[PDB]
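Taken in sequence, the protein lines are chains C and B. One rule links them: number in the authors' numbering = place in the first sequence (from 1) + 299. One rule links them: number in the authors' numbering = place in the second sequence (from 1) + 150. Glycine is no exception: its CB is placed at the ideal position from the N, C-alpha and C atoms.
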Amino acid sequence: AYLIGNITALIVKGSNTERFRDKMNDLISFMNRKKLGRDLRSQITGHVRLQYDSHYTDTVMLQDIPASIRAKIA
Amino acid sequence: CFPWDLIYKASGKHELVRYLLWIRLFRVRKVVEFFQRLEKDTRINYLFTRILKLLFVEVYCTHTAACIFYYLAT
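1. Identify the contact partners of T199/B in chain C, using a Cβ-Cβ distance below 8 Å as the criterion.
2. If we ignore side chains and look at the alpha-carbon of each, how far apart do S341/C and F329/C end up?
3. Roughly how many angstroms lie between the CA atoms of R187/B and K312/C, to the nearest whole one?
4. Would you report the Cα separation of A308/C and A300/C, rounded to the nearest angstrom?
5. Look at the alpha carbon of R179/B and the alpha carbon of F185/B, and state the distance between them as a whole number of angstroms.
6. Going by DSSP in three states, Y220/B sits in which element: helix, strand or coil?
7. Which first and last residues belong to the alpha helix (DSSP H) in which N315/C is found?
8. Quick one: any contact between the segment 333-348 of chain C and the segment 208-215 of chain B, if contact means 3 or more CB pairs under 8 Å?
9. Does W154/B come out as helix, strand or coil in the three-state DSSP assignment?
10. Specify whether the segment 156-165 of chain B and the segment 361-372 of chain C touch according to this definition: at least 3 beta carbon pairs, one from each stretch, less than 8 Å apart.
11. Going straight from the alpha carbon of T199/B to that of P365/C, what length do you get?
12. Taking DSSP as the reference, what is the three-state secondary structure of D325/C?
13. Assuming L166/B contacts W154/B (C-beta within less than 8 Å), just tell me the rounded distance between them.
14. Anything in the segment 177-193 of chain B with a Cβ closer than 7 Å to a Cβ of chain C? List those residues in chain order, please.
15. Are the C-beta atoms of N324/C and some chain B residue less than 8 Å apart?
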């Protein structure tokens, strides 16, 4: 039961590349439910890909690294 | 794609030339590529294609284990 629980707890705790994948499949379900075009849907997918790739630049990522170290990074 | 049962019956019927039939299990690339062209298909949930991939790994590891279990009796 401990082995099954550890395997299930590392599969349930997914990575960010599948949180982005199911963030961007119901988005495709919306863009194909309401029949969007072929240019602005590229803008939507490009914007969510760009904000996912730029999500690893936050100051809140290092909101506990002390001052005069965050100041050196800045 | 070499004929490994004409080579077997030509080379004095040696047992260790019939172990080269197991090279033909590299043709499961075409099935694992099918489950990679299906995981990026947004019509089916990716956590369901992972379950179908595990259920195609569960069987064919009981087919191969049945064949090896009979071979170890022969």
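The answer reads as follows:
1. Those do not exist, as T199/B stays about 11 Å from chain C at its closest Cβ, beyond 8 Å.
2. 14 Å
3. 24 Å
4. 12 Å
5. The straight-line gap separating the alpha-carbon atoms of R179/B and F185/B is approximately 10 Å.
6. The answer is helix: DSSP assigns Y220/B an H, G or I state.
7. Per DSSP, the unbroken alpha helix (DSSP H) holding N315/C starts and ends at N315 to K322.
8. no
9. DSSP places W154/B in the coil class of the three-state scheme, outside both helix and strand.
10. no
11. 44 Å
12. helix
13. Contact between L166/B and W154/B is absent: CB atoms are separated by about 12 Å, not below the 8 Å threshold.
14. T192
15. Yes, its Cβ sits closer than 8 Å to a Cβ of chain B.
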